[PDB]
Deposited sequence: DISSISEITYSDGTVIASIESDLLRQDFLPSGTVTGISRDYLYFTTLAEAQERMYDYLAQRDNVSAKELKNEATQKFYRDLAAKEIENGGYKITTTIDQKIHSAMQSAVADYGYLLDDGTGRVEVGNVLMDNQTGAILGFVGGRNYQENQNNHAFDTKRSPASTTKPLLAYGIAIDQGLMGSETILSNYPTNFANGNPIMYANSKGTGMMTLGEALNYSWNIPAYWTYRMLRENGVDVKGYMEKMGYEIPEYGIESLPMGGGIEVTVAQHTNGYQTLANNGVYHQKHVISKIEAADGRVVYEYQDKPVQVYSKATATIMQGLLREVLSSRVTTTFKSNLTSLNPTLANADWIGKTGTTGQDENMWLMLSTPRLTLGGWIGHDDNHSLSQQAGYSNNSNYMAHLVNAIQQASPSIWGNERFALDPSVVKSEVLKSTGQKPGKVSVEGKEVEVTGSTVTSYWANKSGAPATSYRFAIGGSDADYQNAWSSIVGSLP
């Protein structure tokens, strides 16, 4: 029995992450095969005695048999990923103790996993941080569950305005971001580049208000969220994900909105060639192409702006020609710096990244902004050196079907009269193209122009807007 890379080169016959991860998935596939083959009903398969016998059966069936398990893993790439974490993993240590890590590199067109990083060192710690451990995705939830959906429902567009004025959770506590209680109105791009929380809160509220099927979106991408009624959901509250699953969500946006399920096994077959298992592809249009490519545009600037990650500086210095590939991405940060994420894509690959501590104590303030950003730049450069064409040179581009409205920079809506405490006002001033994913684009400017805001908020907002005309 052997496990091979994707070219058939043997990984091992039946002591690191690659081996145990591929062996485990293979055993799962063997278990279904065997239940079926023996005509075990999904009823009798609910007995835990029979389950356990079939799992041991599937294990021995691999040890003893002459099976050929074909993984998606790319051997040059996955080795380079291992060398990189061995050489540069110390760069994650931020003086809060040893920092753990997981990464998963995914082909955007197939869902196939090319290489991953399970942790700093299997021999010192076995936990698989790429495939098993589950942590809040934090703000990398935003592009998926809040803004992406709002755009796909045609409820906002790329230059739409949101409230980031102070507001509280229903319990009375203020919604914090770092240690800021909020500012004022802002565009979607500034909310994204900075990653503020209040714009996201208000976005999910608007989704709820319009009864949007938010679950439907998330389940099409294989996310399991037990409870959607949670004020902080769009910031990562009440969600817990593997790096492998989460990469798959960023693969959806990368791939112009088309989900392909993740996999590390493509095929199992007996020595005589019987196909015991075969990955069956199953594409799903989760976001409209308009949505996904507008979103790519915004995420490009998350990395260019360098607000919450230094990544592009780090990569520019290691590999300027690679830094000019069309990178997009989003960071995340939990409320006490327990977890940092960085999600990266080009049109070809998505690289997912998490760091944190196995027991969930805090990292330093900058573990995400700087350390993980620097580590990942090294990791990305290692992958490129090992396979020079793999990230590709293609550009993300707006899909023909995107609609483009002309809007006021200050309302993110079309100019036109509006009512302010008595008189109608000629709503005027500098303008910008906004990208929408509906039929009509952006609407007439109306008073409640932003996503969110209280009466005083708008009183203050409209005061400022007026004195500029």
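**Student:** As a test: can you identify every run of the deposited sequence that has no C-alpha position in this structure, in order?
**Tutor:** Holes in the chain trace, numbered from 1: 1 to 5, 20 to 38, 494.
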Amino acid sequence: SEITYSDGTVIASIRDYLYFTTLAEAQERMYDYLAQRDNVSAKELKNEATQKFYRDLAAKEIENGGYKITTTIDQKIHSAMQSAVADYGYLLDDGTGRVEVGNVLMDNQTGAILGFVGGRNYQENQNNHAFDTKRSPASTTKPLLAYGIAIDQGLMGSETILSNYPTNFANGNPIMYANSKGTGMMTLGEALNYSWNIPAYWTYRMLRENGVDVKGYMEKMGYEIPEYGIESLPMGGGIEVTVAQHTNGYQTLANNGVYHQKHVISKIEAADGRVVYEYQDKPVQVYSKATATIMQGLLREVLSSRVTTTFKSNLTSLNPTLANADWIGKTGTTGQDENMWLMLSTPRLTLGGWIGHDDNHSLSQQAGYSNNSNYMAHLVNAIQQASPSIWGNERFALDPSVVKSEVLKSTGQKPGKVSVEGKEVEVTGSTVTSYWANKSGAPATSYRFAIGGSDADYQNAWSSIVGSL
From here on, numbers count along this sequence of modelled residues.
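Here the rigid core means the biggest group of C-alpha atoms that line up within 1.5 Å when the two forms are laid on top of each other.
**Student:** Rigid core superposition, C-alpha RMS per stretch in 6 other deposited structures of this protein: which comes out larger, 271 to 279 or 185 to 193?
**Tutor:** So, of the two stretches, the farther one in 6 other deposited structures of this protein is 271 to 279.
**Student:** In the PDB record, does 119 to 127 or 134 to 142 carry the higher mean Cα temperature factor?
**Tutor:** Per the PDB record, 119 to 127.
**Student:** Tell me which of 272 to 280 and 231 to 239 has the higher mean C-alpha B-factor in the deposited entry.
**Tutor:** Comparing 272 to 280 with 231 to 239, the higher average CA B-factor belongs to 272 to 280.
**Student:** Using the temperature factors in the entry, find which of 252, 336, 350, 197 has the highest value at its Cα atom.
**Tutor:** If I rank 252, 336, 350, 197 by C-alpha B-factor, first place goes to 336.
**Student:** Using the B-factors in the PDB entry, rank residue 226's C-alpha atom against the chain and give the third, lowest, middle or highest.
**Tutor:** For residue 226, the deposited C-alpha B-factor lands in the middle third.
**Student:** Would you mind checking where the Cα B-factor of residue 170 ranks among the modelled residues of its chain, as the lowest, middle or highest third?
**Tutor:** Highest third.
**Student:** For residue 176, does the deposited CA B-factor place it in the lowest, middle or highest third of the chain?
**Tutor:** Within its chain, residue 176 is a middle-third residue by C-alpha B-factor, going by the deposited values.
**Student:** Thinking about Cα B factors across the chain, which third does residue 211 belong to?
**Tutor:** Within its chain, residue 211 is a highest-third residue by C-alpha B-factor, going by the deposited values.
**Student:** Would you mind checking where the Cα B-factor of residue 356 ranks among the modelled residues of its chain, as the lowest, middle or highest third?
**Tutor:** Lowest third.
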